[PDB]
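Single chain ahead, written as structure tokens, the form deposited in one PDB entry.
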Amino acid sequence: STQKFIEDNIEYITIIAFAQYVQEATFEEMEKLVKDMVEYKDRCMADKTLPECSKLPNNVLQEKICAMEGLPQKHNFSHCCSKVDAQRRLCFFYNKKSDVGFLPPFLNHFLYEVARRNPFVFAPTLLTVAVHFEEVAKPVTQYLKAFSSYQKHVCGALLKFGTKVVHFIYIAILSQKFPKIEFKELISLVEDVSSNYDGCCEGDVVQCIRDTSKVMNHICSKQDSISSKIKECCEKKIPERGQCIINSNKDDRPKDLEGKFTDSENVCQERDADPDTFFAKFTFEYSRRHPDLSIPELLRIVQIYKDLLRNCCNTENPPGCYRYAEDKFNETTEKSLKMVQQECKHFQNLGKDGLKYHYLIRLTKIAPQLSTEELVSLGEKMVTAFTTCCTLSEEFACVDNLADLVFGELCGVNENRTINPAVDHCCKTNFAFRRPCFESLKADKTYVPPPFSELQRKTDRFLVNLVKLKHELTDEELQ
């Protein structure tokens, strides 16, 4: 099983866990833990029933980190060690910092200097971009920076909206990626992936391999009863196989080109029967029939539909009103697609930099409490969405998926943030409707500024500071 892999890479698996949780730590300190864990494992191979060996492999990791001589004082995390094992795991999670400018620029030494610079990335990923980093003659950064962004974006969602929206996300994700799948199958594969994100986000490295491998087992076991593009991925070795399936393209779709949720007369009953399944089923069926849409849109629609029935199943002749839920989608969808086209012309009528400067002003205008480097970063992640996939088929399926990531960054990953009462309302309200929430924000009315007085980053920093300074002015002035 995977159980072998975890013991084989224990050196790495410990390094990552530590490095992420405590980014401020040295490599000297990493070796100290590595030995304790290695020796600990051998004692668990020296006795099957040893009291320390009935313990879970992360609440061992964090107990040693805390036990380690004056380490919590030297990296300000003593308050995490003064908590019960569960509260301590959550604390250690809150301890992980995303804005890592306080560190210097730049296997075991690499995994240290990645993990502590990329703390929220999943273990499977890092270990894959070690095997997929073991080169011979002198790129890959592109892949890692992307895989962090979606993992942070979900572990964001999980924190703020609990363990319900993450399901809906991964129904829309997997149903769109694997249309040939069946509901009862996929819904199980989701309550695996959802239960995986519980441990991967919290930072439980060891589980994030177990539950990740369990998920890839769950796919490959129904290989040609799910997909036909990941055939050579299931022949790859842990955890390449993990990131192979994830990195692959969406399945070719069946011969079927639905209206049970609209046409039927007992929709309220099937909704009242078991809501979250009924909705889960609606997101399943609508997703697999729309592989040219965004993940945020496939939730916006499901939410809108949940709102439609909520207003419908409380009136004489229910169906009459939810008859054209189908048409109400093709409306709100085509509006959103055309709205992407309106900003993909602003791109042509400015270019990378020209648009970059537009957003930075805007992004700062609405959220000027943020850091200049924080606001700068988003401005490049935002323009990356338009850089690629904003002049081709499914240009909406991307720019929406990709722009949504930059608001998760803004709203924070592992903290309930206080930016301004409006940006806060866009973050801590609804996951689906945060992009349109942000799109509808004017200048931060309530803001009291402080004093002030590469080249591309330098330019941006200047603009963001210039905007923060002259915040009482308008978009066209500052340009």
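Just so we're on the same page, rigid core means the largest C-alpha set that superposes within 1.5 Å between forms. Start at 1 and count along the sequence shown; that's the residue number.
The next section is about a form of this same protein that is not shown, the form deposited in another entry.
A.B. asks: After aligning the rigid core, which of 146, 131, 344, 234 is the one whose Cα travels 2 Å or more between this form and the one not shown?
C.D. replies: The only residue crossing the 2 Å threshold is 131.
A.B. asks: With a threshold of 2 Å on the C-alpha, tell me if residue 38 counts as moved between this form and the one not shown once the core is superposed.
C.D. replies: No; that C-alpha moves by less than 2 Å between this form and the one not shown.
A.B. asks: Against the rigid core, is the Cα displacement of residue 421 between this form and the one not shown at least 2 Å?
C.D. replies: Residue 421: C-alpha displaced by less than 2 Å between this form and the one not shown.
A.B. asks: When you overlay the rigid core, is the Cα of residue 52 off by 2 Å or more between this form and the one not shown?
C.D. replies: Yes, because once the rigid core is superposed, the C-alpha of residue 52 moves 2 Å or more between this form and the one not shown.
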